[PDB]
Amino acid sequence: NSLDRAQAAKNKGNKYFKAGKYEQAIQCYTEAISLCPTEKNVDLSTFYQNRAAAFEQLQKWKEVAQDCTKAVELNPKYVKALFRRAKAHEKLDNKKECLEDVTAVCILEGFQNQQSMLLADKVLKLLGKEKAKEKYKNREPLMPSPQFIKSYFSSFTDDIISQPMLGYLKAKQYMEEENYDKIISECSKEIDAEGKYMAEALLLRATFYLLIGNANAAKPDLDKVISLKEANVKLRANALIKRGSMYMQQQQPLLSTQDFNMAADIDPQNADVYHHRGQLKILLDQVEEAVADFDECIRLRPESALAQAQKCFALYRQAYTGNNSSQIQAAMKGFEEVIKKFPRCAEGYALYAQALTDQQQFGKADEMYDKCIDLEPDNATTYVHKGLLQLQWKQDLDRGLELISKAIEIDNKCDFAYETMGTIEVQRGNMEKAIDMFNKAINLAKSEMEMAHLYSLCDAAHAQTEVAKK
């Protein structure tokens, strides 16, 4: 009965444990370690894990990881020992080791334990945020394509800075000639000389700071345009739109809405404010606030195809969230009415295809994406949409890779496509090629938040290969 003597020592250590006498419980567990036959892996791993619990209440995290480690050697799939070591590594700032332990925990649990997944999600965000910060320091900025720049400014009508010409004047001519890399220089000459186009150059320089991914240099310019009350209200409203979007990009919903609300108050008929705020309201699932902004866009732009396509999709999300099939079909038929009234609005088809995919009509959604290729053949994002469709629809990873690769041929500076290709290589099991695609998107991401998400995908991939080695 040599094993009964080990459990007897373990059971008295449990009574010291419940009385708060952890040092005396540790000695009983140590006595149980000695009396357990080496042939009994499970019982011996139990005794090590119990002693790690006593070390945990004393908050001696080093001894916790040590005892959990020995317990895993006897019971390699001891989920309680692996998870306790993951918590121990978190306290010791062993984030990579904590991620690897909690990765094995989630796999053994079938991803069914919210407690384990919250810990993995917590350490993944921290690891990705750290690397995104250090990489964003000395990252060289890339100027996006002219097609992206013109599409960005075409989403504004009241910005002034994009208007044609009838320091800053030289910057406006470099812009009309698509020589964007020298716009920031000529704008600084106005600000340094404090000319009459000072607020415009301050706003135009901040815009291209954002366009090259330098949100840290755009913030002081946006702050300054907003502080100048004498400046044109159109320039302050446009600067508040861009500072609010940057706030939302940095996970600041409250400051974002404050800037958008102030933009609407100081410039009540600026349709850019209602257009860009409503798009954020949809992303935040604040639907009734979105239709209100999109209804104002229609009121201010009664002939705009996109404005009615927006509101039609906003009405759909309202029916989708309330789950009335009568209202859902009402808004679904509204899409077919929008595409007939505006047959060359590609976003009308894309918003419809999203609603079709949300409601399982994949074949018709692929047709709407095909129509976008007819109208706009050089739009790479539509091929990303078709690729994402092939994953949700048929799980055809080969055809999905070909469509995502097609978007790269059109726009090799599309970080969204590289992220989708790495996601596919994870699903196929090619972890090294997946990290390869994630890194190419990192060097292309436009914000630090996007870069942190991509770095998290890398650490999750690397952690799985380490778990695979055992």
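All residue numbers are counted from 1 along the displayed sequence.
Count the deposited residues lacking coordinates between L166 and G167 and you get 10 or more of them. Here the stretch with the larger average CA B-factor, out of 205 to 213 and 329 to 337, is 329 to 337.
In this entry, 366 to 374 has the higher mean Cα B-factor, the comparison being between 366 to 374 and 241 to 249. The PDB entry assigns its highest CA temperature factor, among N379, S151, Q354, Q310, to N379. Across the options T103, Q279, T157, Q395, the residue with the most elevated CA B-factor in the record is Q395.
Among all modelled residues in this chain, the alpha-carbon of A132 has a temperature factor (C-alpha) in the highest third. When the CA B factors of the chain's modelled residues are split into thirds, the value for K170 lands in the middle one. Annotation for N75: CA B-factor lies in the highest third of the chain's modelled residues.
Among the modelled residues of its chain, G110 has a C-alpha B-factor that falls in the highest third, as given in the PDB entry.
Sorting the modelled residues of the chain by their CA temperature factor places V42 in the highest third.
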